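Q: So I pulled this structure from the PDB, and the sequence comes with it:
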Amino acid sequence: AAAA
Amino acid sequence: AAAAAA
Amino acid sequence: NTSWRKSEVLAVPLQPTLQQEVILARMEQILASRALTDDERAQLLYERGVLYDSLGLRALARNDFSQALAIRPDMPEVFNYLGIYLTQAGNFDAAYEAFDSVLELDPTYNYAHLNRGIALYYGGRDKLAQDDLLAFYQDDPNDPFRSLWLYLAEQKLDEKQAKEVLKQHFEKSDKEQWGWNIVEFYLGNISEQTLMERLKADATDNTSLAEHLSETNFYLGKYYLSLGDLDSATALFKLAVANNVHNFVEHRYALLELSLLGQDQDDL
Amino acid sequence: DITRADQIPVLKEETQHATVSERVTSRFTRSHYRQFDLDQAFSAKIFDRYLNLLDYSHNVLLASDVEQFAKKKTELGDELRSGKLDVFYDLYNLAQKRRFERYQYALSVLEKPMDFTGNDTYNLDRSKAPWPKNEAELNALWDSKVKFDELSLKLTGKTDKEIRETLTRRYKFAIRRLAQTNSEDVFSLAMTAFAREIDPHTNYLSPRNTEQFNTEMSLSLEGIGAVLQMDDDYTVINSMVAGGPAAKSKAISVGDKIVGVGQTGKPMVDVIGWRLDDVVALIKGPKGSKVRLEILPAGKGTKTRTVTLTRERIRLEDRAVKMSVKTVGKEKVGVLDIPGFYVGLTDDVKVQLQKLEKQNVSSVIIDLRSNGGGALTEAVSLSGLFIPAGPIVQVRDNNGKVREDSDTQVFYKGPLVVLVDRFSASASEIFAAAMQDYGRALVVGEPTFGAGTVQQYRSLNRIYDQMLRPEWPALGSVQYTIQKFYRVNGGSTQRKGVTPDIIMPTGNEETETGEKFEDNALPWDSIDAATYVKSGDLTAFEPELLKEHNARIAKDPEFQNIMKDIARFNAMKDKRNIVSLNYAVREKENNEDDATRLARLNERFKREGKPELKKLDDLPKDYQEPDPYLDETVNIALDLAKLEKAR
């Protein structure tokens, strides 16, 4: 879970 | 910057 | 009586030449004009910076150097001065970064080794200083100041070994340059008075005398300081600065030493 | 997809890595607070550290592998200076093949039908185990490993074909991950081996990591505001940040899949067969910039559509300070939950303090539990809100130069409480010590982490980098310790931490975490106290606060399973790293636990109204547990305000  | 963390 | 004053060796403190002032004036007008390309401007700015530095106007030199970088960020020569200023300011860490840039941009920029080596020494990283200093020495073994700087660094690690290394450098050398005389004094070969006599003999004119005094008094101060004679060291550093040889490293570092001595006093 | 050793790509150091290595090396070697020589001895330690990073559980490499490499273990220093990182790389590569070999072996073991009722055990700490002497040992360890895994799934209660199916997807996934490894993955690892050898708080951050750290520091990021998850080969959108570009567009939804990414004057790049980070990197960009996304909609349909979005600055509100009011009858107490000392925190607190005035809150609790720290300036400024003037902290370099940091007035003058735990560190400790040293606030919780150093964060980018190497990616960043920090006391929280005025029960138990357990942590020491004026004095109020607190926890039900939970925890620490491996016994322990777990909620309810109903609510909802430390703290806060009021 990474924010872009 | 100067950091005081973890 | 006061006949003693005769023993003092002093030059008239250096003053700006007419040509220096004339050039500065012309530079201002050119910079204020539309006659320069961006590349030319950067170059001129470096040139003014060098001139300002030569007159003891360091902050003004730094502004010029900074502006040059803003135009062209690939000037090793600019980074070199900035490192030197950072060292003078006691900001050794930043200074290291600057010297690296000089080398990265141009690995043949030999003086960076000397300057980074000097900064590391003031920074208390003697062995690392020694690597730069040894390399600087290799480039010109015949330059006595290269040996002196290396000795100062090495002395922190082992005084005995440093002396032997210095002696070898001296013996190994052509022995031509004036600076070797200072080295002989450090070595015990000659006395201080003899060193001074030789200095008087070597110098030709006032500028020559001032330069000799600037370098010599700085090294003498370091020598006395090393021995713990604080008052003698202090007088010598002031005496070095009095020559107004603004661009010599001996001059810059004498000022730094004075500043360190001052801080200590202010503590306790 | 991968079935052979030749499907494992040979990792190669990037073109810019050498330069980076050199840059990190210059910084670490010349400017670290710890003056070390990067000599042969140091180099060997780095090698040892790298191996542990490479194979934490001494499971993959053979002793012959280690020993082959140990022959060049003192060469690491020369490599870092040079930036030609062959041993780090050669070793990583060998580790890859070994990992693959291991996983492939595990694939076999799973097929062997074994369900077991023996008494054989598994140890979780293989940290110091000797390397496997031979293949037999390796297979045996892995035989042991696979057993542990299947057993754990079986403990959930599945079948055996499932467990095989579940584990199959796992070992296979692990194999895929290996084939997806980066040159960067290795370079980051090598730098970390080096950094950590120096001290526990020294790091190298890769370009992506640097970006992340900045975001955590600033509470903001530049891109489209979408949280991405990777399922198999597809980048799926998990959620959308409110007020962000993807969310505001109304052309993108949760569950949508991004199979294409397009830069403004370039083609749409298929990203199906990609690592998550490589994809996120394409998506993120400078605000005002445009990105076009090829989206495969959430259903079973095969049609794709292209969505174009304008990148923008997005704030992560979740990470910001949060304010709440706790009410106990007529009295109210405000609480500030501070996750970190992010830039701009003090400002954020000021507005919150302003709101609190309106509500006429009697006391304020500042919750630093689990607050790792952050910016030093933020620590100083936050302190300044509560303290009128003077030094907040003292800093000292390696050469004895001492400096004191202070603020510019007081924003809140009322009763204050700082809540801390074993995980509250650094800036959090600085603030807590200062409030305590000035007599400003009472400190409640567990003893601190023991952080006592200051790190310098510096980018490795040089101004002419773009000009001379446009093709290069961004370089990363480093954090390195430059100084030790001391309380105004002249005291130090290095190793010790700060001891709360009131300590929760978990507080008196031997901790297993902290600065003191980290590798190469600097020693505790002290300096002369600075000059400051005490804000107030709370030493008088302590016995009364103590007894009142003590009486309350004694009765409290929640504050009792904690006590009992503690002695019980004490009972099994010795056998803590060893798990049974017997299908029979775990369940006795396991259900013996679930049972214990599904019960004591009841004594609290009966004690109260009761709260809810469940003969056995064995299958509860998404449960939010209560927060007794905080609830008790609030009780302490009210006691404090009462006493202060009676002065």
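A: It's in. Numbers count the residues shown, from 1 in each chain, chains lettered A, B, ... in the order given.
Q: I'd like to know how many residues surround the residue nearest to residue C:142 when sequence neighbours are not counted.
A: Take residue C:142 and drop its neighbours on the chain: the residue closest to it by C-beta to C-beta, 6 or more residues apart in numbering or on different chains is residue C:174, 5.2 Å away. Where C-beta positions appear, they are placed from N, C-alpha and C, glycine not excepted. Residue C:174: 8 surrounding residues under other C-beta atoms under 10 Å in any protein chain shown.
Q: if I look at the residue in the stretch 101-250 of chain C that chain A sits nearest to, how far off is residue C:121?
A: Closest to chain A within the stretch 101-250 of chain C is residue C:104: 33.6 Å, counting by C-beta to the nearest C-beta. Noted for residue C:104: a distance of 21 Å to residue C:121, by C-beta to C-beta, to the nearest Å.
Q: what about those two, which has more around it?
A: residue C:121 (23 against 20).
Q: Could you check which residue of the stretch 1-150 of chain C lies nearest chain B?
A: residue C:93 (13.1 Å).
Q: Same question for chain D.
A: residue D:373 (3.3 Å).
Q: can you pull the contacts of that residue?
A: B:3-6, D:340-341, D:379, D:425-429, D:451 (C-beta atoms under 8 Å, 6 or more residues apart in numbering or on different chains).
Q: Next, the residue of the stretch 101-250 of chain C closest to chain A: phi, psi?
A: With angles defined as degrees, to the nearest 10, residue C:104 sits at phi -60, psi -40.
Q: give the contact list for it.
A: residue D:462 are the contacts of residue C:104 under C-beta under 8 Å, 6+ apart.
Q: redo that, cut-off 7 Å
A: Listed by C-beta atoms under 7 Å, 6 or more residues apart in numbering or on different chains, residue C:104 has no contact partners.
Q: which one is the residue nearest the centre of chain D nearest to, not counting chain neighbours?
A: In chain D, the centroid-proximal residue (C-alpha atoms, centre = their mean) is residue D:372; its distance is 8.5 Å. For residue D:372, ignoring the flanking residues on the chain, the nearest one in space by C-beta to C-beta, 6+ apart is residue B:6 at 4.7 Å.
Q: if we can go back for a sec, and the residue nearest to residue C:142, that's in a helix?
A: No. Using DSSP: H, G, I helix; E, B strand; the rest coil, the assignment for residue C:174 is coil, not a helix.
Q: On the strand side of things, show who the residue of chain D closest to chain B bridges to.
A: residue B:5 (DSSP bridges).
Q: how about the residue nearest to residue D:372, what does it touch?
A: Residue B:6 is in contact with D:201, D:372, D:373, D:425, D:426, counting by C-beta under 7 Å, 6+ apart.
Q: what do you get if the cut-off is 8 Å, keeping everything else the same?
A: By C-beta under 8 Å, 6+ apart, residue B:6 lies in contact with D:201, D:372, D:373, D:425, D:426, D:451.
Q: what about stretch D:187-205 and chain B, touching?
A: Yes. Using C-beta under 8 Å from any C-beta of the partner chain, stretch D:187-205 reaches chain B at residue D:201.
Q: right, is that stretch up against chain C?
A: No. Counting by C-beta under 8 Å from any C-beta, chain C has no neighbours in stretch D:187-205; the shortest distance is 14.5 Å.
Q: From the contact counts, what lies against the helix or strand hosting residue D:404?
A: Assigned by DSSP states H and E, residue D:404 belongs to strand D:402-406. On a contact count with 3 or more C-beta pairs under 8 Å, 6 or more residues apart in numbering or on different chains; DSSP states H and E, strand D:402-406 meets helix D:376-386, strand D:391-396.
Q: count of neighbours near residue 97?
A: Picked chain C for this. Residue C:97 is flanked by 23 other residues according to other C-beta under 10 Å.
Q: Not quite, go with chain D.
A: Neighbours of residue D:97 using other C-beta under 10 Å come to 16.
Q: repeat for residue C:164
A: When neighbours are counted by other C-beta under 10 Å, residue C:164 registers 13.
Q: what's it sitting at in phi/psi?
A: phi -60, psi -40.
Q: Residue D:327 now?
A: For residue D:327, the backbone dihedrals (degrees, to the nearest 10) come out as phi -110, psi 130.
Q: Tell me which residues of the lengthiest helix in chain C come out buried.
A: If you go by DSSP state H, chain C has its longest helix at helix C:206-226. Buried positions in helix C:206-226, judged by neighbour count with 16 or more other C-beta atoms under 10 Å in any protein chain shown: C:209-225.
Q: Does it pack against any helices or strands, and if so which?
A: Using 3+ C-beta pairs under 8 Å, 6+ apart: helix C:206-226 touches helix C:144-157, helix C:180-187, helix C:192-202, helix C:230-241, helix C:249-267.
Q: between the contacts of residue B:6, which is nearest residue D:544?
A: residue D:425 (30.2 Å; C-beta to C-beta).
Q: Might you report the residue contacts of that closest one?
A: Contacts of residue D:425 were listed using C-beta under 8 Å, 6+ apart, and they are B:5, B:6, D:371, D:372, D:373, D:448, D:449, D:450, D:451, D:515.
Q: burial measure for the last one, as a count.
A: Put plainly, it is residue D:515. 25.
Q: burial of the residue nearest to it when sequence neighbours are not counted, as a residue count?
A: Among residues not flanking residue D:515 along the chain, residue D:450 sits closest, at 3.5 Å (C-beta to C-beta, 6+ apart). For residue D:450, the count of nearby residues is 25 (other C-beta under 10 Å).
Q: Residue D:450: what secondary structure?
A: Going by three-state DSSP: residue D:450 is coil.
Q: for it, what are its contacts?
A: D:425, D:429, D:493, D:494, D:495, D:496, D:497, D:514, D:515, D:516.
Q: can you rerun that using 6 Å?
A: D:495, D:496, D:497, D:514, D:515, D:516 (C-beta atoms under 6 Å, 6 or more residues apart in numbering or on different chains).
Q: Many thanks, have a good one.
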